[PDB]
file entry_17.cif (mmCIF, C-alpha atoms; chains and numbers go by the auth columns)
data_input
#
loop_
_atom_site.group_PDB
_atom_site.id
_atom_site.type_symbol
_atom_site.label_atom_id
_atom_site.label_comp_id
_atom_site.label_asym_id
_atom_site.label_seq_id
_atom_site.Cartn_x
_atom_site.Cartn_y
_atom_site.Cartn_z
_atom_site.B_iso_or_equiv
_atom_site.auth_seq_id
_atom_site.auth_asym_id
ATOM 1 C CA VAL A 1 -12.724 4.285 -4.422 0.00 11 A
ATOM 2 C CA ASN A 2 -13.341 5.540 -0.919 0.00 12 A
ATOM 3 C CA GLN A 3 -12.684 9.234 -0.317 0.00 13 A
ATOM 4 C CA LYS A 4 -11.072 8.812 3.097 0.00 14 A
ATOM 5 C CA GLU A 5 -8.654 6.334 1.501 0.00 15 A
ATOM 6 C CA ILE A 6 -7.882 8.918 -1.198 0.00 16 A
ATOM 7 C CA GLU A 7 -6.989 11.459 1.498 0.00 17 A
ATOM 8 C CA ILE A 8 -4.872 8.869 3.360 0.00 18 A
ATOM 9 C CA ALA A 9 -2.943 8.116 0.181 0.00 19 A
ATOM 10 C CA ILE A 10 -2.445 11.805 -0.677 0.00 20 A
ATOM 11 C CA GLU A 11 -0.964 12.490 2.748 0.00 21 A
ATOM 12 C CA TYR A 12 1.292 9.437 2.384 0.00 22 A
ATOM 13 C CA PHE A 13 2.700 10.580 -0.965 0.00 23 A
ATOM 14 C CA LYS A 14 3.041 14.176 0.294 0.00 24 A
ATOM 15 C CA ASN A 15 5.332 12.869 2.978 0.00 25 A
ATOM 16 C CA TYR A 16 7.304 10.292 1.041 0.00 26 A
ATOM 17 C CA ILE A 17 7.518 12.102 -2.348 0.00 27 A
ATOM 18 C CA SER A 18 9.048 9.277 -4.402 0.00 28 A
ATOM 19 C CA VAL A 19 8.110 5.694 -3.552 0.00 29 A
ATOM 20 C CA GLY A 20 8.853 2.302 -5.057 0.00 30 A
ATOM 21 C CA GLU A 21 5.746 0.452 -6.127 0.00 31 A
ATOM 22 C CA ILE A 22 6.116 -2.496 -3.737 0.00 32 A
ATOM 23 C CA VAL A 23 6.843 -0.235 -0.773 0.00 33 A
ATOM 24 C CA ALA A 24 3.896 2.007 -1.600 0.00 34 A
ATOM 25 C CA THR A 25 1.564 -0.972 -1.769 0.00 35 A
ATOM 26 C CA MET A 26 2.720 -2.344 1.592 0.00 36 A
ATOM 27 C CA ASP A 27 2.635 1.077 3.256 0.00 37 A
ATOM 28 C CA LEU A 28 -0.858 1.891 2.054 0.00 38 A
ATOM 29 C CA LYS A 29 -2.090 -1.507 3.184 0.00 39 A
ATOM 30 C CA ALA A 30 -0.645 -0.728 6.604 0.00 40 A
ATOM 31 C CA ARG A 31 -2.637 2.507 6.585 0.00 41 A
ATOM 32 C CA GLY A 32 -5.825 0.487 6.158 0.00 42 A
ATOM 33 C CA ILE A 33 -6.277 0.585 2.371 0.00 43 A
ATOM 34 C CA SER A 34 -7.255 -2.951 1.352 0.00 44 A
ATOM 35 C CA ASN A 35 -6.854 -2.270 -2.392 0.00 45 A
ATOM 36 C CA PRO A 36 -3.999 0.203 -2.836 0.00 46 A
ATOM 37 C CA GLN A 37 -3.760 -0.291 -6.599 0.00 47 A
ATOM 38 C CA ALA A 38 -7.209 1.246 -7.089 0.00 48 A
ATOM 39 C CA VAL A 39 -6.363 4.206 -4.858 0.00 49 A
ATOM 40 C CA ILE A 40 -2.950 4.706 -6.495 0.00 50 A
ATOM 41 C CA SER A 41 -4.595 4.675 -9.921 0.00 51 A
ATOM 42 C CA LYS A 42 -7.131 7.269 -8.755 0.00 52 A
ATOM 43 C CA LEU A 43 -4.306 9.522 -7.547 0.00 53 A
ATOM 44 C CA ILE A 44 -2.634 9.186 -10.955 0.00 54 A
ATOM 45 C CA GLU A 45 -5.876 10.201 -12.683 0.00 55 A
ATOM 46 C CA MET A 46 -6.153 13.241 -10.421 0.00 56 A
ATOM 47 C CA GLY A 47 -2.605 14.307 -11.282 0.00 57 A
ATOM 48 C CA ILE A 48 -1.423 14.018 -7.682 0.00 58 A
ATOM 49 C CA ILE A 49 1.266 11.447 -8.543 0.00 59 A
ATOM 50 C CA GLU A 50 2.742 9.976 -11.700 0.00 60 A
ATOM 51 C CA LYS A 51 4.363 6.618 -12.407 0.00 61 A
ATOM 52 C CA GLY A 52 7.982 6.067 -13.324 0.00 62 A
ATOM 53 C CA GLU A 53 9.512 2.650 -13.802 0.00 63 A
ATOM 54 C CA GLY A 54 8.088 0.899 -10.761 0.00 64 A
ATOM 55 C CA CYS A 55 7.978 4.123 -8.738 0.00 65 A
ATOM 56 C CA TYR A 56 5.403 6.779 -7.900 0.00 66 A
ATOM 57 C CA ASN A 57 6.341 10.460 -7.697 0.00 67 A
ATOM 58 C CA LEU A 58 4.440 13.406 -6.246 0.00 68 A
ATOM 59 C CA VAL A 59 3.712 16.037 -8.887 0.00 69 A
ATOM 60 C CA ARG A 60 5.124 19.408 -7.874 0.00 70 A
#
call {"tool": "encode", "arguments": {"input": "entry_17.cif", "output": "structure tokens"}}
result
Amino acid sequence: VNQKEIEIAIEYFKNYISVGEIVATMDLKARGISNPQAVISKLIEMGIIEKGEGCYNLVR
């Protein structure tokens, strides 16, 4: 996973806070991330976000 893409995704979730999975995928693709699922999964590992039921939430 590319580090610039990680930073792009972190800034996205910092702004949106709680995002449905399909929206997040489309929005990250628009921001130039060809494989958002890999970047999302990395952010979950890092503890930046966590998954609900089809939603991603920024950890406070």
call {"tool": "resolve_selection", "arguments": {"input": "entry_17.cif", "expression": "the PyMOL selection byres ((chain A and resi 63-65) around 10)", "output": "list in words"}}
result
residues 28, 29, 30, 31, 32, 33, 34, 59, 60, 61, 62, 66 and 67 of chain A
call {"tool": "atom_distance", "arguments": {"input": "entry_17.cif", "atom1": "CA of residue 45 (chain A)", "atom2": "CA of residue 18 (chain A)"}}
result
12.7 Å
call {"tool": "axis_aligned_box", "arguments": {"input": "entry_17.cif", "around": "region 47-56 of chain A", "padding_each_side": "8 Å", "output": "JSON"}}
result
{"center_x": -4.9, "center_y": 6.5, "center_z": -8.8, "size_x": 20.6, "size_y": 29.5, "size_z": 23.8}
call {"tool": "resolve_selection", "arguments": {"input": "entry_17.cif", "expression": "the PyMOL selection byres ((chain A and resi 46-49) around 8)", "output": "NGL selection string"}}
result
:A and (11 or 15-16 or 19 or 35 or 38-39 or 43-45 or 50-53)
call {"tool": "write_last_selection", "arguments": {"input": "entry_17.cif", "atoms": "C-alpha atoms", "output": "PDB file, keeping the file's coordinate frame"}}
result
ATOM      1  CA  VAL A  11     -12.724   4.285  -4.422  1.00  0.00           C
ATOM      2  CA  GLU A  15      -8.654   6.334   1.501  1.00  0.00           C
ATOM      3  CA  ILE A  16      -7.882   8.918  -1.198  1.00  0.00           C
ATOM      4  CA  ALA A  19      -2.943   8.116   0.181  1.00  0.00           C
ATOM      5  CA  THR A  35       1.564  -0.972  -1.769  1.00  0.00           C
ATOM      6  CA  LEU A  38      -0.858   1.891   2.054  1.00  0.00           C
ATOM      7  CA  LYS A  39      -2.090  -1.507   3.184  1.00  0.00           C
ATOM      8  CA  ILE A  43      -6.277   0.585   2.371  1.00  0.00           C
ATOM      9  CA  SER A  44      -7.255  -2.951   1.352  1.00  0.00           C
ATOM     10  CA  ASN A  45      -6.854  -2.270  -2.392  1.00  0.00           C
ATOM     11  CA  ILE A  50      -2.950   4.706  -6.495  1.00  0.00           C
ATOM     12  CA  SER A  51      -4.595   4.675  -9.921  1.00  0.00           C
ATOM     13  CA  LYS A  52      -7.131   7.269  -8.755  1.00  0.00           C
ATOM     14  CA  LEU A  53      -4.306   9.522  -7.547  1.00  0.00           C
TER      15      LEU A  53
END
call {"tool": "atom_distance", "arguments": {"input": "entry_17.cif", "atom1": "CA of residue 58 (chain A)", "atom2": "CA of residue 36 (chain A)"}}
result
19.3 Å
call {"tool": "atom_distance", "arguments": {"input": "entry_17.cif", "atom1": "CA of residue 25 (chain A)", "atom2": "CA of residue 57 (chain A)"}}
result
16.4 Å
